[PDB]
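In: part one of the complex, left exactly where it sits:
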Amino acid sequence: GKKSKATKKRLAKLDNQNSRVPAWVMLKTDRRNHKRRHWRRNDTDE
Amino acid sequence: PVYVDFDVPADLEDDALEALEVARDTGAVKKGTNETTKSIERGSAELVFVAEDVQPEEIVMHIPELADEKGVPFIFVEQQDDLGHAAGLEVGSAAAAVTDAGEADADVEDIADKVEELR
Amino acid sequence: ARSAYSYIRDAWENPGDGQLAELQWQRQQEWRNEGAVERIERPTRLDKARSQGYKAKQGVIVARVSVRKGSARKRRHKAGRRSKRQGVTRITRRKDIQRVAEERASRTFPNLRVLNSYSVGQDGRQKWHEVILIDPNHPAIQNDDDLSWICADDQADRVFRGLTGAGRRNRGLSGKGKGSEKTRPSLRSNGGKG
Amino acid sequence: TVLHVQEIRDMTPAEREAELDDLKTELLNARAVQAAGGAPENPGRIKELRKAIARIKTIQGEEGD
Amino acid sequence: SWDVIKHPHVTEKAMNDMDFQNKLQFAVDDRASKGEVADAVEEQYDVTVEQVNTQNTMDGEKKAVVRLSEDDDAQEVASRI
Amino acid sequence: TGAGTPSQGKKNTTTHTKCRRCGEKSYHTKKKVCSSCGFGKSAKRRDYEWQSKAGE
């Protein structure tokens, strides 16, 4: 498919939201990314 | 058009308006359909002018018939703003009346005569 | 003595006889070829206009609105309907054509507010009403002691809320006594029974 | 801190722009050193650089430039 | 008011274009054109930009590969920052 | 041909997409109308009383 530039910025963003909860946020909060998404398993909008 | 049953020669309309301008500076004139109407009704009207380019015609339709059953003579004027200008107004006027002419009684008298003959 | 106006009014008491009659037989010919809403420089019925609030001033507009005649243009039911609700032909709208005209006009002038309206005749299939509108933002009006009332915010869209004259009459608010139990203070407050 | 509001208001309309372009650079160069993962950072200052620029732009508006 | 140049895009492949083709790679504002990217780069580091290739990254930022004239030296421009 | 699983294979057409106005993936890119907010059809926002119980 041919993605537009906006579609891309979004796909981009979605990709970053897909990272882990930084190691330090764990210690800082004295101890889960509920928005983790697999390319195959899950499905993005658009 | 609906209230106009006779055509007044361009020349006649010129004399008449002329007479009106001197009527304002000599004697007295009434500017406006309401004020005119009352003269015809009060009798204080020697000669009344009615524009032909009035829309709605309602505003003037009555002048003719009224005048007749009041002996008051009346004359037509093509342009509305021409009668208004003569009468001395910056604006135009649907109708005006010469409430007691003045140094025009001669001509006015004739205009009235000229129109009656013009039927 | 009788005022000039009185003659205009007296002429319309019978729009089918005399000069006015001939006038109409003509005007409609052009009206018929005009639009739904035609702004007009001068009211056809001066007495009536003036009588309803009209003033030769700035911010005061007049427009003739054409609306069709007859009952409601209704679509027959496409689902179960007991015989009582199977009607189509005899059903009529609860808003008189004049109120419909007032609305169609006001929509044509989104900035203006309807002050009033009056009838100016009808031919075989349509009715014409002249609506008097007012520019609530023109200072020539904000300073008019006889019209600045129409400028208040709560007078916004007054025609669409039936605050017009023909509006209030059509809402059955004319009587202050008998017969107005279900109408005043509001139809909707009375459970829509009026 | 290192750059107080008074000091910013004392400056001339031409000195503010001067300080502005100067700061922006210390910023861009700081970001670069960070873009290289450069550890010789001082996180408390790349933060300050941003506020300074804010303070100066704010004063420019106030002073009418 | 946005700026044209965000920061130097330093990575291995970014280093090569530098040591081998006298090219500097930047992260620039995605509303910026090659021409705007050129000027900025020149006025910022004081060099002569010959050509500029852009690309809209999967990181939501626009990467620009800027090539300097033979008069300027990438490795050197980069070293000062 | 079963209307079931076998007819699922041809489903590769894109219709509903992230809406420019409301942000919902309800913008029908072929109709250029949002099924959610009504963008493309109505200046006003799509909303109905039946989206909740009558007394609420």
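Out: Perfect, thanks for sending it. Numbers count the residues shown, from 1 in each chain, chains lettered A, B, ... in the order given.

In: now do stretch F:32-46: everything it contacts.
Out: Stretch F:32-46 is contacted by residues F:16, F:19, F:20, F:21, F:22, F:24, F:26, F:27, F:28, F:31 when judged by C-beta atoms under 8 Å, 6 or more residues apart in numbering or on different chains. C-beta here means a position set from N, CA and C on the backbone, and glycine is covered the same way.

In: for chain E, see how far away the fourth one is.
Out: Okay, so that is residue F:21. Distance from residue F:21 to chain E, counting by C-beta to the nearest C-beta, to the nearest Å: 22 Å.

In: next one: the first one
Out: As judged by C-beta to the nearest C-beta, residue F:16 and chain E stand 24 Å apart.

In: quick one: the helices in the chain, in order.
Out: Looking at chain A here, since you left the chain open. Per DSSP state H, chain A carries helices over the ranges A:5-17, A:23-28.

In: hmm, no, I was thinking of chain E.
Out: So, for chain E - with DSSP H - the helices run E:12-21, E:34-45, E:74-79.

In: specify the local secondary structure of residue C:61.
Out: Under DSSP: H, G, I helix; E, B strand; the rest coil, residue C:61 falls in the strand class.

In: revised request: answer the last question for residue D:24.
Out: Strictly by three-state DSSP, residue D:24 counts as helix.

In: residues near the spatially closest residue to it that is not a sequence neighbour, how many?
Out: Leaving aside its chain neighbours, residue D:24 sits nearest to residue D:53 (6.5 Å; criterion: C-beta to C-beta, 6 or more residues apart in numbering or on different chains). Residue D:53 is flanked by 17 other residues according to other C-beta atoms under 10 Å in any protein chain shown.

In: next one is RNA strand G, place it on the structure:
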RNA sequence: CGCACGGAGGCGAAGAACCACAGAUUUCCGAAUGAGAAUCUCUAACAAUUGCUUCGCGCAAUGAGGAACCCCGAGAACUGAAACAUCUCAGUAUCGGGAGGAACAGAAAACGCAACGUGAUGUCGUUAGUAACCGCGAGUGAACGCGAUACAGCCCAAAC
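Out: With RNA strand G added, the chains above now look like this:
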């Protein structure tokens, strides 16, 4: 130095944090208004509809939102009647248009305890399940008055 207790570092007696008020900034899409577009893009813009008009977008208006409330329009059926058609559910559900901080109403071509009486309008209590309606079936259903709440009375058209 947010939630958020880490690491590095920093800010604050030049009175920081924090709070109140006022102000600055405030990307893109969005009524969305130069034009087009799944938030981007193409080459100066109140687009569109209006009023005024220096007839020039020059000065202005509208648009859309909001928890429900409010006003004007369109208007079911399940159901009840132990079936069902009028009736009932109900002018309800739902739909269209629109106002405000509240709306609407409002200074009698009223009332009609008929009077030598009351005196703008809402609303509350009552009048009353009364009068009235109705396959006179099932059901439906006020008002004047009274006690209260709050009180407020005016402007044109025309005559001259």
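
In: the helices in chain D, which residues?
Out: Using DSSP H, helices in chain D cover D:5-10, D:13-35, D:43-63.

In: list the contacts of whatever residue of chain D ends up closest to chain F.
Out: At 29.6 Å from chain F, residue D:50 is the closest residue in chain D, using C-beta to the nearest C-beta. Applying C-beta under 8 Å, 6+ apart, we find residue D:50 in contact with residue D:27.

In: before we move on, what about residue E:7?
Out: Contacts of residue E:7 by C-beta under 8 Å, 6+ apart are D:28, D:31, D:32, D:34, D:35, E:26, E:27.

In: farthest pair within those residues?
Out: Maximum pairwise distance in these, criterion C-beta to C-beta, is 14.3 Å, between D:34 and E:26.

In: neighbour count winner among the two?
Out: Neighbours per residue (other C-beta under 10 Å) separate residue D:34 from residue E:26, with residue E:26 holding more: 27 against 16.

In: measure that one to residue C:40 for me?
Out: 67 Å (C-beta to C-beta, to the nearest Å).

In: likewise residue C:130?
Out: 7 Å.

In: what is in contact with those two at once?
Out: Joint contacts of residue C:130 and residue C:40 (C-beta under 8 Å, 6+ apart) are C:62, C:63, C:64.

In: mind giving me the packing neighbours of the one helix or strand residue C:131 maps to?
Out: Assigned by DSSP states H and E, residue C:131 belongs to strand C:126-134. Applying 3 or more C-beta pairs under 8 Å, 6 or more residues apart in numbering or on different chains; DSSP states H and E, one finds that strand C:126-134 makes contact with helix C:46-52, strand C:60-68, helix C:97-108, strand C:113-122.

In: drop RNA strand H onto that structure:
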RNA sequence: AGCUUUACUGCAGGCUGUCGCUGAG
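Out: Let me add RNA strand H to what's already shown:
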């Protein structure tokens, strides 16, 4: 509930008279 018909009752639609538009001899 879908369907039928010279089942009951109604609703569109078609045909037709009449009134308005609508006037002169």
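
In: revisit the contacts of residue D:50 given that RNA strand H is now included?
Out: residue D:27.

In: any idea how far it lies from residue E:56?
Out: 26 Å.

In: could you do residue E:76 as well?
Out: Residue E:76 sits 29 Å away from residue E:56, going by C-beta to C-beta.

In: returning to what we had before: next, the buried residues of the helix or strand following the strand holding residue C:131.
Out: Note on strand C:126-134: by DSSP H and E, the next helix or strand toward the C-terminus is helix C:139-142. Across helix C:139-142, burial judged by 16 or more other C-beta atoms under 10 Å in any protein chain shown covers residue C:141.

In: list of residues touching helix C:139-142?
Out: C:57, C:58, C:59, C:60, C:134, C:135, C:136, C:147, C:148, C:150, C:151.

In: what does chain E have sitting close to RNA strand G?
Out: Proximity of chain E to RNA strand G (C-beta under 7 Å from any atom of the strand) is limited to residues residue E:31.

In: what does chain E put close to chain B?
Out: By C-beta under 8 Å from any C-beta of the partner chain, no residue of chain E approaches chain B.

In: residue in chain E nearest to RNA strand G?
Out: Residue nearest to RNA strand G within chain E: residue E:31 (6.0 Å; C-beta to the nearest atom of the strand).

In: what sits closest to that residue if chain neighbours are left out?
Out: Here the residue nearest residue E:31, using C-beta to C-beta, 6+ apart, is residue E:2, at 7.0 Å.

In: report the outermost residue of the chain with respect to its centre.
Out: In the absence of a named chain, this looks at chain A. Going by C-alpha atoms, centre = their mean, the residue of chain A most distant from its centre is residue A:30, 23.6 Å out.

In: chain C was what I was after
Out: residue C:80 (36.7 Å).
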